[PDB]
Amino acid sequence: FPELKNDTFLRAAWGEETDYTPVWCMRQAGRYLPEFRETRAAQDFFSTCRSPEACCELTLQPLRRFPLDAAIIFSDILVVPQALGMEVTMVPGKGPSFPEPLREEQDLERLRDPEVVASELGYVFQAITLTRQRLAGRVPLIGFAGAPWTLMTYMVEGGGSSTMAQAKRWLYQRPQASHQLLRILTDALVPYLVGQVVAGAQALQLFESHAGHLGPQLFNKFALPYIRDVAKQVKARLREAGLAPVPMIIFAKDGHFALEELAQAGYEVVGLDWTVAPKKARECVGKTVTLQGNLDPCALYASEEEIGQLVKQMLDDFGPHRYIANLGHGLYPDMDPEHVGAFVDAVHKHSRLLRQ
């Protein structure tokens, strides 16, 4: 692959001093871009995910507009449950659905052996290699997957939920079957993540997007052990294969209560939502790990000048060390690309003033 030209994101993830604060945006390849919607109109969502050229184009689109310090591959967390044998659809205006969710323990019988999942996800690896080549070293490419608990919630709920009542009912009423499922997911995730690195990913982010529904007790029993196992096993397999381990990011949305534990779970970077004050987060996690985040995505509805002041304040609170700027969640479909530009530019401008 082409030599990396701008490695600021990686240096920051590993905890090194940089000349400025690197920035990227969750969902930067997304519906807020008119050109995303155009390229997406040609096929259905999961079909787009299976086309290396389409995924590469979507990944590059934001970089053509903004000097972001990282690219994230276009894919979806739900490719893993699909590869395990569950049917998944994208419903117009209503998002992902599994028409036949897991509701009893016997439903685990229809899943594939997790060791065969990476072979079913060859299309993602093709997308990653292509995108890594076409990026031509401009910035690093991030691979990703969903965390075991978050994937479990989709598999049991059959889609999004405001309470995760059915998935939590599995934790309380079916604890053994829940651990069985979480282990199947972990065992599928590890070879998939390793495969993403072999294919060219230079960093990995694990999305625990449904962390906040669990309190500390359930999170410690059912989410954390698997988050830890994913990082430990990925690094081990990469070492055994003769490859350089990559920095790994854990993002647990609404996971304020788990920050201390997440900073000791074997991830270089802990991603934060917008509800945690940066100074308090720095207290919980300590001085080694790098923090990523955490601007309220809705702040991008403010004027460009107001976005600038909000960024200044955020950066002052995090400080220049051990920090990658991002939003606290993904960009929303109705946001203005110019305001996204204003966010990127302000991070770069103020972080330089905070150093020089």
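Throughout, we count residues from 1 along the sequence that is shown.
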Stretch with the greater mean C-alpha B-factor as recorded in the entry, comparing 56-64 against 304-312: 304-312
Mean temperature factor over C-alpha atoms, higher-scoring stretch between 254-262 and 185-193: 254-262
Which of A281, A167, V234, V270 ranks first by CA B-factor in the deposited coordinates: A281
Top Cα B factor in the deposited entry, candidates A223, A177, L84, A241: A241
Entry-reported Cα temperature factor of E105, expressed as the chain third it lands in: highest
For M90, the third of its chain into which the C-alpha B factor falls: highest
Relative C-alpha B-factor of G30, binned into the chain's lowest, middle or highest third: middle
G143 - Cα temperature factor, lowest/middle/highest third of chain: lowest
Assigned third (lowest, middle, highest) for the C-alpha B factor of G160: highest
